[PDB]
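Here's a solo chain for you in structure tokens, the form deposited without the ligand.
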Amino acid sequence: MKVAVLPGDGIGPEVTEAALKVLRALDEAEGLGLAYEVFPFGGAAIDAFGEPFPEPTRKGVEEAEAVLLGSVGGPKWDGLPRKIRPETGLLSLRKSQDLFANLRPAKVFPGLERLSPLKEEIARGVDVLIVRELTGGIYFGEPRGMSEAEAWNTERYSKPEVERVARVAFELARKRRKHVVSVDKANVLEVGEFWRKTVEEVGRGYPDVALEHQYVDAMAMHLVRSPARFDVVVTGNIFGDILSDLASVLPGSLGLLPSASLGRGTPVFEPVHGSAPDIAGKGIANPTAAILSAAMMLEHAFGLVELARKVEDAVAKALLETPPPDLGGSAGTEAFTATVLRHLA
């Protein structure tokens, strides 16, 4: 398994290393044939190449079977031209590989319901996966513009865009609880009814999967009062953006959330948190998100579902045994990773 590791900036390198210790342990114990290489990316790449996603890193991503990304960004490069901002390198990574689906998992690990903003009974059992369309929608819609008197943006979707992301959602559901909810605003918009209609056409190919439709505004309600009854949620770009952010508050902590972007090329896995520059180096950065993204990678890029579950259980135990400082604990990056490893042995 060839992995390209793009540590990034800030706490990026710390957390990425924590996850690597976990992977190397698993590799040694079972001989997974792991082969990884680290490449400069984001602010780090700017500082030595003039751009956030240089050719060596680009070719590295290509050759690899998966990308493990850390964090990117930091005030040091906030004054550069948009063209070479650290965030732009992230856009180029996705576009280069044609990553159209963004996987945003949200689950409350048994024992941690106390963290959630929701009352214990509601939180218990949450394990929802939100699949957001990345390349299309109002974010990239034409025509768009602004004048002195008015502004306009176009929410547009073609059939191929809806189909490709719908398939990913169905595939994922097959491996999970065979339940899919397609979110739209079909009762008011033409794009809504186009989405719904296309998703149902795709669903015909998955007789084993239970399909449900919902309106974005209604879905927002349901995710808060009954998130446990959902498995896979598929939706468009701006809608998926709001829903993913909303789902992320259910576990009760930012440092616990991983993510993935699947598309035509090399799949990318990265923690949802930013680079937290001021805490970088301090050794107190929670590596949970980065470790869980490694799990997501094993499962999704390498099909090692059985291993992903183990890493996931160990982390759960670690959070309960030696919780990091952001979780009201005193276990720094290293000591926390040690506890995970202890439960992995």
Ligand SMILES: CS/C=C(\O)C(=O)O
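Residue indices: 1-based, along the sequence shown.
The next section is about a form of this same protein that is not shown, the form deposited with the ligand bound.
For this ligand-free form, the site is classified open because the ligand, superimposed from its arrangement in the entry with it bound, keeps every atom beyond 2.4 Å of the backbone and C-beta atoms.
Shown without its partner, this chain lists 134, 232, 223, 106 as candidates; in the entry with it bound, only 134 has a non-hydrogen atom within 4.5 angstroms of the ligand. Taking a 4.5 Å heavy atom cutoff to the ligand in the entry with it bound, the contact residue among 191, 272, 202, 168 is 272. Looking at 160-168, 144-152, 264-272, 115-123, the stretch with residues near the ligand in the entry with it bound, meaning non-hydrogen atoms within 4.5 angstroms, turns out to be 264-272. Heavy atoms of residue 182 never reach within 4.5 Å of the ligand in the entry with it bound, leaving it off the interface.
Using a 4.5 Å cutoff between non-hydrogen atoms, residue 156 does not count as a contact of the ligand in the entry with it bound.
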